[PDB]
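Colleague: This is the structure, below, for whatever I ask next.
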Amino acid sequence: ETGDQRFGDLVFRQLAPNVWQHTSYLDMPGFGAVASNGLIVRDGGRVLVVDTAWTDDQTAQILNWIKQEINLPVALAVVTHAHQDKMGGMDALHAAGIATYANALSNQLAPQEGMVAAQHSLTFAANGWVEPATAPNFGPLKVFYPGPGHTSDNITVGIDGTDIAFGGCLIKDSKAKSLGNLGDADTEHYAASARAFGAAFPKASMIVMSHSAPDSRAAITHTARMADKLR
Ligand SMILES: NCc1ccc2sc([B-](O)(O)O)cc2c1
Ligand SMILES: [Ca+2]
Ligand SMILES: [Ca+2]
Ligand SMILES: [Zn+2]
Ligand SMILES: [Zn+2]
């Protein structure tokens with residue numbers, strides 16, 4: 001699509017003056033190439049990343065695109081649950097010297113999920129908001145744990161000062177026919193978790209998600225409506 005850029009195997013789309021979507025692809029036998037999206041945020045003189053790519057090599061391509069196109073140091077990455085599309089590239093982040101953060105529960109599940117744990121653990125209050133001392137110097141990133149849904153550990157991120165919030169694999173697009181990979185999902189709590197994400201970021205109008213292009217808030221309510229039928 002127009003204005004998108006491609007570096008190696010990766011596609012980048014600018015969403016706002018300081019925010020880009022990164023997209024990487026992995027051949028899933030019997031589906032074909034599955035896109036996964038994350039975010040890149042320029043926060044003054046540094047960059048913040050949300051989610052790895054599927055693989056280490058793809059994640060290194062993100063970092064080199066950042067070097068070439070933004071030319072600011074990457075201060076930290078937040079990864080949104082312990083599955084390959086979101087944490088497959090941890091080793092590349094660590095090799096590059098980027099501090100990594102994930103839900104404590106993601107870090108605990110990581111070995112069991114075949115992922116490398118982050119260096120730091122985020123913890124959350126009963127209302128879902130990150131405990132701030134666990135997310136030092138996060139700039140505009142506002143991290144929210146909406147409850148179990150796509151996985152028990154899934155987290156979400158709003159970008160303060162912008163219209164954007166990132167639902168990761170929890171949120172599906174508003175035309176979707178299904179909730180995707182439910183293999184690790186909590187079918188009972190999913191709908192409430194989707195709605196909690198919407199209530200956490202009530203003014204966000206651009207909802208970015210792992211497996212579809214950015215959508216409106218319709219993605220949230222549609223996701224929740226689909227999830228209500230799992231119960
Ligand atoms: N090659 C493993 C493989 C293939 C497709 C998906 S999709 C996915 B999820 O969206 O649930 O996080 C992880 C995953 C892992
Ligand atoms: Ca690895
Ligand atoms: Ca699993
Ligand atoms: Zn997943
Ligand atoms: Zn996914």
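Ordering of the structure tokens sets the chain letters (A, B, ...); residue numbers start at 1 within each chain; ligands are numbered from 1 in the order shown.
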Counting only C-alpha atoms and all ligand atoms, what are the residues, protein, DNA or RNA alike, that approach ligand 3 to within 12 Å? I want them as number ranges by chain.
Modeller: A: 81-84, 106, 109-115, 150-153, 181-185
Colleague: Next, write the just-selected residues to a file, as a PDB file, in the first residue's frame, keeping N, CA, C and O atoms as the atom set.
Modeller:
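Result file follows (selection_35.pdb):
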ATOM      1  N   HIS A  81       2.780 -10.537  25.026  1.00  0.00           N
ATOM      2  CA  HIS A  81       2.525 -11.821  25.660  1.00  0.00           C
ATOM      3  C   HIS A  81       3.547 -12.832  25.146  1.00  0.00           C
ATOM      4  O   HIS A  81       4.267 -12.589  24.154  1.00  0.00           O
ATOM      5  N   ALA A  82       3.598 -13.982  25.821  1.00  0.00           N
ATOM      6  CA  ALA A  82       4.625 -14.991  25.533  1.00  0.00           C
ATOM      7  C   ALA A  82       4.179 -15.927  24.418  1.00  0.00           C
ATOM      8  O   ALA A  82       3.927 -17.118  24.680  1.00  0.00           O
ATOM      9  N   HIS A  83       4.115 -15.434  23.193  1.00  0.00           N
ATOM     10  CA  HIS A  83       3.911 -16.227  21.982  1.00  0.00           C
ATOM     11  C   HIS A  83       4.879 -15.694  20.921  1.00  0.00           C
ATOM     12  O   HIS A  83       5.361 -14.554  21.018  1.00  0.00           O
ATOM     13  N   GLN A  84       5.112 -16.500  19.881  1.00  0.00           N
ATOM     14  CA  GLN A  84       6.182 -16.216  18.931  1.00  0.00           C
ATOM     15  C   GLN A  84       6.045 -14.904  18.185  1.00  0.00           C
ATOM     16  O   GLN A  84       7.059 -14.274  17.876  1.00  0.00           O
ATOM     17  N   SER A 106       4.044 -13.252  31.677  1.00  0.00           N
ATOM     18  CA  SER A 106       4.678 -13.618  30.415  1.00  0.00           C
ATOM     19  C   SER A 106       6.081 -14.184  30.630  1.00  0.00           C
ATOM     20  O   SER A 106       6.448 -15.170  29.995  1.00  0.00           O
ATOM     21  N   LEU A 109       5.716 -17.688  32.050  1.00  0.00           N
ATOM     22  CA  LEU A 109       5.261 -18.627  31.021  1.00  0.00           C
ATOM     23  C   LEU A 109       6.258 -18.827  29.905  1.00  0.00           C
ATOM     24  O   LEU A 109       6.178 -19.838  29.193  1.00  0.00           O
ATOM     25  N   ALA A 110       7.209 -17.904  29.753  1.00  0.00           N
ATOM     26  CA  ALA A 110       8.062 -17.892  28.584  1.00  0.00           C
ATOM     27  C   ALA A 110       8.713 -19.241  28.312  1.00  0.00           C
ATOM     28  O   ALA A 110       8.614 -19.751  27.187  1.00  0.00           O
ATOM     29  N   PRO A 111       9.376 -19.860  29.290  1.00  0.00           N
ATOM     30  CA  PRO A 111      10.003 -21.152  29.007  1.00  0.00           C
ATOM     31  C   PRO A 111       9.016 -22.200  28.503  1.00  0.00           C
ATOM     32  O   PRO A 111       9.352 -22.940  27.549  1.00  0.00           O
ATOM     33  N   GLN A 112       7.860 -22.183  29.158  1.00  0.00           N
ATOM     34  CA  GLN A 112       6.813 -23.106  28.795  1.00  0.00           C
ATOM     35  C   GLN A 112       6.202 -22.904  27.413  1.00  0.00           C
ATOM     36  O   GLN A 112       5.546 -23.801  26.894  1.00  0.00           O
ATOM     37  N   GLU A 113       6.375 -21.707  26.854  1.00  0.00           N
ATOM     38  CA  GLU A 113       5.925 -21.253  25.566  1.00  0.00           C
ATOM     39  C   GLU A 113       7.051 -21.201  24.531  1.00  0.00           C
ATOM     40  O   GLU A 113       6.825 -20.762  23.409  1.00  0.00           O
ATOM     41  N   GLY A 114       8.243 -21.632  24.908  1.00  0.00           N
ATOM     42  CA  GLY A 114       9.346 -21.618  23.957  1.00  0.00           C
ATOM     43  C   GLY A 114       9.921 -20.230  23.702  1.00  0.00           C
ATOM     44  O   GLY A 114      10.610 -20.071  22.678  1.00  0.00           O
ATOM     45  N   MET A 115       9.654 -19.254  24.561  1.00  0.00           N
ATOM     46  CA  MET A 115      10.129 -17.903  24.402  1.00  0.00           C
ATOM     47  C   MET A 115      11.251 -17.610  25.377  1.00  0.00           C
ATOM     48  O   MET A 115      11.323 -18.206  26.454  1.00  0.00           O
ATOM     49  N   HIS A 150      -7.003 -13.542  24.953  1.00  0.00           N
ATOM     50  CA  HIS A 150      -6.243 -14.333  23.994  1.00  0.00           C
ATOM     51  C   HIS A 150      -5.267 -15.283  24.700  1.00  0.00           C
ATOM     52  O   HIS A 150      -5.120 -16.427  24.282  1.00  0.00           O
ATOM     53  N   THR A 151      -4.606 -14.773  25.757  1.00  0.00           N
ATOM     54  CA  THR A 151      -3.865 -15.585  26.689  1.00  0.00           C
ATOM     55  C   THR A 151      -4.119 -15.022  28.073  1.00  0.00           C
ATOM     56  O   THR A 151      -4.716 -13.950  28.237  1.00  0.00           O
ATOM     57  N   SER A 152      -3.627 -15.717  29.118  1.00  0.00           N
ATOM     58  CA  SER A 152      -3.782 -15.205  30.457  1.00  0.00           C
ATOM     59  C   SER A 152      -2.885 -13.997  30.714  1.00  0.00           C
ATOM     60  O   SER A 152      -3.196 -13.184  31.591  1.00  0.00           O
ATOM     61  N   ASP A 153      -1.809 -13.838  29.940  1.00  0.00           N
ATOM     62  CA  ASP A 153      -0.782 -12.842  30.193  1.00  0.00           C
ATOM     63  C   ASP A 153      -0.888 -11.604  29.291  1.00  0.00           C
ATOM     64  O   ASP A 153      -0.108 -10.671  29.472  1.00  0.00           O
ATOM     65  N   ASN A 181      -6.354 -17.470  16.982  1.00  0.00           N
ATOM     66  CA  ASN A 181      -5.751 -18.598  17.660  1.00  0.00           C
ATOM     67  C   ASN A 181      -6.225 -18.564  19.123  1.00  0.00           C
ATOM     68  O   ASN A 181      -5.780 -17.697  19.911  1.00  0.00           O
ATOM     69  N   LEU A 182      -7.136 -19.482  19.479  1.00  0.00           N
ATOM     70  CA  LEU A 182      -7.738 -19.562  20.812  1.00  0.00           C
ATOM     71  C   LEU A 182      -7.102 -20.658  21.642  1.00  0.00           C
ATOM     72  O   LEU A 182      -7.623 -21.013  22.688  1.00  0.00           O
ATOM     73  N   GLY A 183      -5.982 -21.195  21.159  1.00  0.00           N
ATOM     74  CA  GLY A 183      -5.394 -22.369  21.796  1.00  0.00           C
ATOM     75  C   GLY A 183      -5.032 -22.152  23.264  1.00  0.00           C
ATOM     76  O   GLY A 183      -5.031 -23.098  24.048  1.00  0.00           O
ATOM     77  N   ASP A 184      -4.686 -20.916  23.648  1.00  0.00           N
ATOM     78  CA  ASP A 184      -4.286 -20.591  25.013  1.00  0.00           C
ATOM     79  C   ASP A 184      -5.271 -19.614  25.649  1.00  0.00           C
ATOM     80  O   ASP A 184      -4.954 -18.989  26.678  1.00  0.00           O
ATOM     81  N   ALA A 185      -6.430 -19.457  25.029  1.00  0.00           N
ATOM     82  CA  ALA A 185      -7.361 -18.409  25.443  1.00  0.00           C
ATOM     83  C   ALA A 185      -8.178 -18.774  26.674  1.00  0.00           C
ATOM     84  O   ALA A 185      -8.409 -19.969  26.961  1.00  0.00           O
TER      85      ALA A 185
END
Colleague: If we count only C-alpha atoms, what is near residue 147 of chain A at a cut-off of 9 Å, once residues fewer than 3 positions away on the same chain are taken out, given as a PyMOL selection string?
Modeller: chain A and resi 128+151-155+189-190+192-194+196-197
Colleague: Please identify every residue of chain A that has at least one atom no farther than 12 Å from an atom of ligand 5, counting only C-alpha atoms and all ligand atoms, and for each give the shortest atom pair and the distance in Å to one decimal, arranged by chain then increasing number, as a Markdown table.
Modeller:
| residue | atom | partner | partner_atom_place_in_ligand_line | distance |
| --- | --- | --- | --- | --- |
| A:23 | CA | ligand 5 | 1 (Zn) | 11.8 |
| A:24 | CA | ligand 5 | 1 (Zn) | 11.3 |
| A:25 | CA | ligand 5 | 1 (Zn) | 11.1 |
| A:26 | CA | ligand 5 | 1 (Zn) | 11.1 |
| A:28 | CA | ligand 5 | 1 (Zn) | 12.0 |
| A:34 | CA | ligand 5 | 1 (Zn) | 9.1 |
| A:35 | CA | ligand 5 | 1 (Zn) | 8.7 |
| A:36 | CA | ligand 5 | 1 (Zn) | 6.4 |
| A:37 | CA | ligand 5 | 1 (Zn) | 8.5 |
| A:38 | CA | ligand 5 | 1 (Zn) | 10.3 |
| A:51 | CA | ligand 5 | 1 (Zn) | 10.5 |
| A:52 | CA | ligand 5 | 1 (Zn) | 11.3 |
| A:53 | CA | ligand 5 | 1 (Zn) | 10.6 |
| A:54 | CA | ligand 5 | 1 (Zn) | 9.6 |
| A:79 | CA | ligand 5 | 1 (Zn) | 11.8 |
| A:80 | CA | ligand 5 | 1 (Zn) | 9.8 |
| A:81 | CA | ligand 5 | 1 (Zn) | 9.1 |
| A:82 | CA | ligand 5 | 1 (Zn) | 10.0 |
| A:83 | CA | ligand 5 | 1 (Zn) | 7.3 |
| A:84 | CA | ligand 5 | 1 (Zn) | 7.9 |
| A:85 | CA | ligand 5 | 1 (Zn) | 5.6 |
| A:86 | CA | ligand 5 | 1 (Zn) | 7.1 |
| A:87 | CA | ligand 5 | 1 (Zn) | 10.3 |
| A:88 | CA | ligand 5 | 1 (Zn) | 11.2 |
| A:150 | CA | ligand 5 | 1 (Zn) | 8.6 |
| A:151 | CA | ligand 5 | 1 (Zn) | 10.1 |
| A:154 | CA | ligand 5 | 1 (Zn) | 10.3 |
| A:167 | CA | ligand 5 | 1 (Zn) | 10.4 |
| A:168 | CA | ligand 5 | 1 (Zn) | 7.0 |
| A:169 | CA | ligand 5 | 1 (Zn) | 4.5 |
| A:170 | CA | ligand 5 | 1 (Zn) | 8.1 |
| A:171 | CA | ligand 5 | 1 (Zn) | 9.6 |
| A:172 | CA | ligand 5 | 1 (Zn) | 9.8 |
| A:179 | CA | ligand 5 | 1 (Zn) | 10.2 |
| A:180 | CA | ligand 5 | 1 (Zn) | 8.0 |
| A:181 | CA | ligand 5 | 1 (Zn) | 7.3 |
| A:182 | CA | ligand 5 | 1 (Zn) | 10.0 |
| A:183 | CA | ligand 5 | 1 (Zn) | 11.2 |
| A:184 | CA | ligand 5 | 1 (Zn) | 11.2 |
| A:185 | CA | ligand 5 | 1 (Zn) | 11.6 |
| A:209 | CA | ligand 5 | 1 (Zn) | 8.7 |
| A:210 | CA | ligand 5 | 1 (Zn) | 5.5 |
| A:211 | CA | ligand 5 | 1 (Zn) | 6.4 |
| A:212 | CA | ligand 5 | 1 (Zn) | 10.1 |
Colleague: Let's see if you can do this: from backbone DSSP, list all alpha helix (DSSP H) residues in segment 35-178 of chain A, as a PDB file with N, CA and C atoms, in the first residue's frame.
Modeller:
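Now in result-v1.pdb:
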ATOM      1  N   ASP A  56      14.191 -13.617  15.317  1.00  0.00           N
ATOM      2  CA  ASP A  56      15.335 -12.783  15.634  1.00  0.00           C
ATOM      3  C   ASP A  56      15.803 -11.996  14.427  1.00  0.00           C
ATOM      4  N   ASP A  57      15.939 -12.667  13.272  1.00  0.00           N
ATOM      5  CA  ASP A  57      16.439 -11.968  12.094  1.00  0.00           C
ATOM      6  C   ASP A  57      15.471 -10.848  11.688  1.00  0.00           C
ATOM      7  N   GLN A  58      14.151 -11.103  11.740  1.00  0.00           N
ATOM      8  CA  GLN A  58      13.192 -10.058  11.427  1.00  0.00           C
ATOM      9  C   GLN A  58      13.278  -8.891  12.408  1.00  0.00           C
ATOM     10  N   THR A  59      13.505  -9.234  13.693  1.00  0.00           N
ATOM     11  CA  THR A  59      13.580  -8.204  14.715  1.00  0.00           C
ATOM     12  C   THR A  59      14.820  -7.346  14.511  1.00  0.00           C
ATOM     13  N   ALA A  60      15.953  -7.963  14.104  1.00  0.00           N
ATOM     14  CA  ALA A  60      17.129  -7.174  13.757  1.00  0.00           C
ATOM     15  C   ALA A  60      16.807  -6.236  12.584  1.00  0.00           C
ATOM     16  N   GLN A  61      15.994  -6.670  11.612  1.00  0.00           N
ATOM     17  CA  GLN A  61      15.638  -5.799  10.503  1.00  0.00           C
ATOM     18  C   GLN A  61      14.863  -4.588  11.007  1.00  0.00           C
ATOM     19  N   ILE A  62      13.941  -4.766  11.979  1.00  0.00           N
ATOM     20  CA  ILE A  62      13.277  -3.610  12.582  1.00  0.00           C
ATOM     21  C   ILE A  62      14.313  -2.628  13.100  1.00  0.00           C
ATOM     22  N   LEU A  63      15.288  -3.137  13.873  1.00  0.00           N
ATOM     23  CA  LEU A  63      16.246  -2.260  14.507  1.00  0.00           C
ATOM     24  C   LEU A  63      17.084  -1.496  13.468  1.00  0.00           C
ATOM     25  N   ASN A  64      17.424  -2.165  12.353  1.00  0.00           N
ATOM     26  CA  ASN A  64      18.218  -1.492  11.338  1.00  0.00           C
ATOM     27  C   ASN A  64      17.394  -0.496  10.551  1.00  0.00           C
ATOM     28  N   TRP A  65      16.091  -0.791  10.323  1.00  0.00           N
ATOM     29  CA  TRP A  65      15.212   0.225   9.745  1.00  0.00           C
ATOM     30  C   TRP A  65      15.139   1.474  10.631  1.00  0.00           C
ATOM     31  N   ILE A  66      15.025   1.261  11.950  1.00  0.00           N
ATOM     32  CA  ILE A  66      14.977   2.378  12.868  1.00  0.00           C
ATOM     33  C   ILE A  66      16.253   3.201  12.733  1.00  0.00           C
ATOM     34  N   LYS A  67      17.416   2.518  12.729  1.00  0.00           N
ATOM     35  CA  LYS A  67      18.719   3.160  12.589  1.00  0.00           C
ATOM     36  C   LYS A  67      18.740   4.046  11.330  1.00  0.00           C
ATOM     37  N   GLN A  68      18.275   3.486  10.224  1.00  0.00           N
ATOM     38  CA  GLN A  68      18.352   4.146   8.923  1.00  0.00           C
ATOM     39  C   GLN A  68      17.354   5.299   8.819  1.00  0.00           C
ATOM     40  N   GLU A  69      16.132   5.106   9.307  1.00  0.00           N
ATOM     41  CA  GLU A  69      15.053   6.048   9.003  1.00  0.00           C
ATOM     42  C   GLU A  69      14.798   7.060  10.126  1.00  0.00           C
ATOM     43  N   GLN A  84       5.112 -16.500  19.881  1.00  0.00           N
ATOM     44  CA  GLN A  84       6.182 -16.216  18.931  1.00  0.00           C
ATOM     45  C   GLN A  84       6.045 -14.904  18.185  1.00  0.00           C
ATOM     46  N   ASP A  85       4.823 -14.525  17.815  1.00  0.00           N
ATOM     47  CA  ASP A  85       4.661 -13.292  17.054  1.00  0.00           C
ATOM     48  C   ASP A  85       5.069 -12.058  17.850  1.00  0.00           C
ATOM     49  N   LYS A  86       5.006 -12.129  19.171  1.00  0.00           N
ATOM     50  CA  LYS A  86       5.258 -10.984  20.039  1.00  0.00           C
ATOM     51  C   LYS A  86       6.617 -11.031  20.730  1.00  0.00           C
ATOM     52  N   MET A  87       7.134 -12.260  20.960  1.00  0.00           N
ATOM     53  CA  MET A  87       8.388 -12.447  21.682  1.00  0.00           C
ATOM     54  C   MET A  87       9.381 -13.340  20.955  1.00  0.00           C
ATOM     55  N   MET A  90      13.235 -11.908  20.983  1.00  0.00           N
ATOM     56  CA  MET A  90      13.861 -11.384  22.189  1.00  0.00           C
ATOM     57  C   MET A  90      15.378 -11.407  22.130  1.00  0.00           C
ATOM     58  N   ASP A  91      15.934 -12.516  21.624  1.00  0.00           N
ATOM     59  CA  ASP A  91      17.383 -12.601  21.577  1.00  0.00           C
ATOM     60  C   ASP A  91      17.978 -11.455  20.762  1.00  0.00           C
ATOM     61  N   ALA A  92      17.346 -11.063  19.658  1.00  0.00           N
ATOM     62  CA  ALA A  92      17.846  -9.945  18.864  1.00  0.00           C
ATOM     63  C   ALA A  92      17.790  -8.636  19.636  1.00  0.00           C
ATOM     64  N   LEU A  93      16.722  -8.404  20.407  1.00  0.00           N
ATOM     65  CA  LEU A  93      16.661  -7.199  21.216  1.00  0.00           C
ATOM     66  C   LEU A  93      17.800  -7.203  22.234  1.00  0.00           C
ATOM     67  N   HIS A  94      18.029  -8.328  22.890  1.00  0.00           N
ATOM     68  CA  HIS A  94      19.072  -8.399  23.908  1.00  0.00           C
ATOM     69  C   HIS A  94      20.450  -8.241  23.279  1.00  0.00           C
ATOM     70  N   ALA A  95      20.669  -8.816  22.108  1.00  0.00           N
ATOM     71  CA  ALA A  95      21.949  -8.714  21.426  1.00  0.00           C
ATOM     72  C   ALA A  95      22.237  -7.250  21.091  1.00  0.00           C
ATOM     73  N   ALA A 104       5.110  -9.895  34.224  1.00  0.00           N
ATOM     74  CA  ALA A 104       5.733 -10.943  35.028  1.00  0.00           C
ATOM     75  C   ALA A 104       5.218 -12.309  34.609  1.00  0.00           C
ATOM     76  N   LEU A 105       3.903 -12.427  34.358  1.00  0.00           N
ATOM     77  CA  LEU A 105       3.315 -13.704  33.991  1.00  0.00           C
ATOM     78  C   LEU A 105       3.843 -14.184  32.637  1.00  0.00           C
ATOM     79  N   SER A 106       4.044 -13.252  31.677  1.00  0.00           N
ATOM     80  CA  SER A 106       4.678 -13.618  30.415  1.00  0.00           C
ATOM     81  C   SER A 106       6.081 -14.184  30.630  1.00  0.00           C
ATOM     82  N   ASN A 107       6.848 -13.550  31.522  1.00  0.00           N
ATOM     83  CA  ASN A 107       8.182 -14.014  31.810  1.00  0.00           C
ATOM     84  C   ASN A 107       8.176 -15.389  32.473  1.00  0.00           C
ATOM     85  N   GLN A 108       7.164 -15.633  33.340  1.00  0.00           N
ATOM     86  CA  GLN A 108       7.010 -16.928  33.978  1.00  0.00           C
ATOM     87  C   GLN A 108       6.602 -18.026  32.986  1.00  0.00           C
ATOM     88  N   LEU A 109       5.716 -17.688  32.050  1.00  0.00           N
ATOM     89  CA  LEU A 109       5.261 -18.627  31.021  1.00  0.00           C
ATOM     90  C   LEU A 109       6.258 -18.827  29.905  1.00  0.00           C
TER      91      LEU A 109
END
Colleague: With only C-alpha atoms and all ligand atoms as the basis for distance, which of A:221, A:31, A:117, A:188 is at the shortest distance from ligand 1?
Modeller: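 Closest candidate: A:31.
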Colleague: Kindly give the distance, in Å, that separates atom CA of residue 135 of chain A and atom CA of residue 207 of chain A, rounded to a single decimal.
Modeller: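 About the pair atom CA of residue 135 of chain A and atom CA of residue 207 of chain A: they are 22.2 Å apart.
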Colleague: Using only C-alpha atoms, can you tell me which of A:126, A:33, A:213, A:77 comes closest to residue 48 of chain A?
Modeller: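 Counting only C-alpha atoms, the residue closest to residue 48 of chain A is A:77.
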Colleague: As a ChimeraX atom specification, which residues of segment 5-216 of chain A does DSSP assign to strand (DSSP E or B)?
Modeller: /A:5-7,10-16,19-28,32-43,46-50,74-79,99-103,120-122,124,129-130,141-144,156-159,164-166,206-208,215
Colleague: What's around residue 21 of chain A at 8 Å? Count only C-alpha atoms, leave out sequence neighbours fewer than 4 positions away in its own chain, and write the answer as number ranges by chain.
Modeller: A: 12-15, 37-40
Colleague: So how many Å separate atom CA of residue 198 of chain A and atom 5 (C, counted along the ligand's line) of ligand 1, to one decimal?
Modeller: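 Those two atoms sit 25.4 Å apart.
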Colleague: Which residues come within 12 Å of residue 138 of chain A, counting only C-alpha atoms, excluding same-chain residues fewer than 6 positions away, as a list in words?
Modeller: residues 41, 42, 43, 46, 47, 48, 49, 50, 75, 76, 77, 78, 99, 100, 101, 122, 130, 131, 132, 157, 158, 159 and 160 of chain A
Colleague: Selection from above, N, CA and C atoms, as a PDB file, in the first residue's frame, can you write it?
Modeller:
ATOM      1  N   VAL A  41       7.761   3.857  18.430  1.00  0.00           N
ATOM      2  CA  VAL A  41       7.343   5.186  18.920  1.00  0.00           C
ATOM      3  C   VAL A  41       8.599   6.012  19.110  1.00  0.00           C
ATOM      4  N   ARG A  42       8.641   7.192  18.480  1.00  0.00           N
ATOM      5  CA  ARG A  42       9.681   8.181  18.739  1.00  0.00           C
ATOM      6  C   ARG A  42       9.232   9.078  19.882  1.00  0.00           C
ATOM      7  N   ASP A  43      10.012   9.051  20.953  1.00  0.00           N
ATOM      8  CA  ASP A  43       9.761   9.801  22.172  1.00  0.00           C
ATOM      9  C   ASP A  43      10.921  10.747  22.440  1.00  0.00           C
ATOM     10  N   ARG A  46      14.681   9.394  21.772  1.00  0.00           N
ATOM     11  CA  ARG A  46      14.816   7.948  21.805  1.00  0.00           C
ATOM     12  C   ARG A  46      13.604   7.289  21.143  1.00  0.00           C
ATOM     13  N   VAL A  47      13.750   5.994  20.905  1.00  0.00           N
ATOM     14  CA  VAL A  47      12.698   5.189  20.327  1.00  0.00           C
ATOM     15  C   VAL A  47      12.301   4.089  21.295  1.00  0.00           C
ATOM     16  N   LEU A  48      11.015   3.758  21.290  1.00  0.00           N
ATOM     17  CA  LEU A  48      10.454   2.685  22.100  1.00  0.00           C
ATOM     18  C   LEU A  48       9.798   1.700  21.131  1.00  0.00           C
ATOM     19  N   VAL A  49       9.904   0.407  21.410  1.00  0.00           N
ATOM     20  CA  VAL A  49       9.316  -0.610  20.543  1.00  0.00           C
ATOM     21  C   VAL A  49       8.270  -1.391  21.320  1.00  0.00           C
ATOM     22  N   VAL A  50       7.156  -1.713  20.656  1.00  0.00           N
ATOM     23  CA  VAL A  50       6.163  -2.617  21.200  1.00  0.00           C
ATOM     24  C   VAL A  50       6.132  -3.843  20.277  1.00  0.00           C
ATOM     25  N   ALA A  75      15.526   2.799  23.345  1.00  0.00           N
ATOM     26  CA  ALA A  75      15.734   2.719  24.786  1.00  0.00           C
ATOM     27  C   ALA A  75      15.165   1.458  25.396  1.00  0.00           C
ATOM     28  N   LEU A  76      14.001   0.966  24.933  1.00  0.00           N
ATOM     29  CA  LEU A  76      13.371  -0.176  25.579  1.00  0.00           C
ATOM     30  C   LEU A  76      12.343  -0.736  24.618  1.00  0.00           C
ATOM     31  N   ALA A  77      11.943  -1.969  24.927  1.00  0.00           N
ATOM     32  CA  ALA A  77      10.851  -2.639  24.242  1.00  0.00           C
ATOM     33  C   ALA A  77       9.923  -3.220  25.281  1.00  0.00           C
ATOM     34  N   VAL A  78       8.619  -3.190  24.981  1.00  0.00           N
ATOM     35  CA  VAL A  78       7.553  -3.830  25.731  1.00  0.00           C
ATOM     36  C   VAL A  78       7.012  -4.940  24.843  1.00  0.00           C
ATOM     37  N   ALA A  99      16.735  -2.744  26.483  1.00  0.00           N
ATOM     38  CA  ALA A  99      16.105  -3.236  27.712  1.00  0.00           C
ATOM     39  C   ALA A  99      14.709  -3.741  27.397  1.00  0.00           C
ATOM     40  N   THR A 100      14.358  -4.916  27.912  1.00  0.00           N
ATOM     41  CA  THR A 100      13.079  -5.518  27.592  1.00  0.00           C
ATOM     42  C   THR A 100      12.209  -5.683  28.819  1.00  0.00           C
ATOM     43  N   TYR A 101      10.917  -5.485  28.579  1.00  0.00           N
ATOM     44  CA  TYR A 101       9.904  -5.520  29.616  1.00  0.00           C
ATOM     45  C   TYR A 101       8.730  -6.380  29.146  1.00  0.00           C
ATOM     46  N   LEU A 122       6.869  -6.441  34.416  1.00  0.00           N
ATOM     47  CA  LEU A 122       5.806  -5.516  34.757  1.00  0.00           C
ATOM     48  C   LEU A 122       4.789  -6.215  35.632  1.00  0.00           C
ATOM     49  N   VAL A 130      -0.511  -0.749  35.080  1.00  0.00           N
ATOM     50  CA  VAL A 130       0.813  -1.167  35.506  1.00  0.00           C
ATOM     51  C   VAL A 130       1.172  -0.447  36.805  1.00  0.00           C
ATOM     52  N   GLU A 131       1.883  -1.173  37.679  1.00  0.00           N
ATOM     53  CA  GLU A 131       2.466  -0.577  38.881  1.00  0.00           C
ATOM     54  C   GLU A 131       3.643   0.261  38.426  1.00  0.00           C
ATOM     55  N   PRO A 132       3.617   1.598  38.619  1.00  0.00           N
ATOM     56  CA  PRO A 132       4.553   2.449  37.894  1.00  0.00           C
ATOM     57  C   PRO A 132       6.008   2.179  38.175  1.00  0.00           C
ATOM     58  N   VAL A 157      -1.245  -1.497  25.264  1.00  0.00           N
ATOM     59  CA  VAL A 157      -0.457  -0.287  25.411  1.00  0.00           C
ATOM     60  C   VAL A 157      -1.150   0.878  24.714  1.00  0.00           C
ATOM     61  N   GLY A 158      -1.334   1.971  25.435  1.00  0.00           N
ATOM     62  CA  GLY A 158      -1.797   3.204  24.838  1.00  0.00           C
ATOM     63  C   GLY A 158      -0.612   4.142  24.651  1.00  0.00           C
ATOM     64  N   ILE A 159      -0.718   5.034  23.647  1.00  0.00           N
ATOM     65  CA  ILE A 159       0.351   5.979  23.362  1.00  0.00           C
ATOM     66  C   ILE A 159      -0.146   7.370  23.751  1.00  0.00           C
ATOM     67  N   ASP A 160       0.250   7.863  24.932  1.00  0.00           N
ATOM     68  CA  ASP A 160      -0.235   9.131  25.455  1.00  0.00           C
ATOM     69  C   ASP A 160       0.119  10.245  24.469  1.00  0.00           C
TER      70      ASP A 160
END
Colleague: Find the residue from A:45, A:149, A:202, A:140 that sits nearest to ligand 4; use only C-alpha atoms and all ligand atoms when measuring.
Modeller: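 Looking at the shortest contact to ligand 4, the residue is A:149.
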Colleague: Compare A:29, A:214, A:161, A:136 by their minimum atom-to-atom distance to ligand 1, counting only C-alpha atoms and all ligand atoms, and give me the closest one.
Modeller: A:29
Colleague: Counting only C-alpha atoms and all ligand atoms, which of A:148, A:175, A:222, A:118 gets nearest to ligand 4?
Modeller: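 Smallest distance to ligand 4 is found for A:148.
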Colleague: Can you measure atom CA of residue 226 of chain A to atom CA of residue 141 of chain A for me? One decimal in Å is fine.
Modeller: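 Separating atom CA of residue 226 of chain A from atom CA of residue 141 of chain A is a distance of 28.1 Å.
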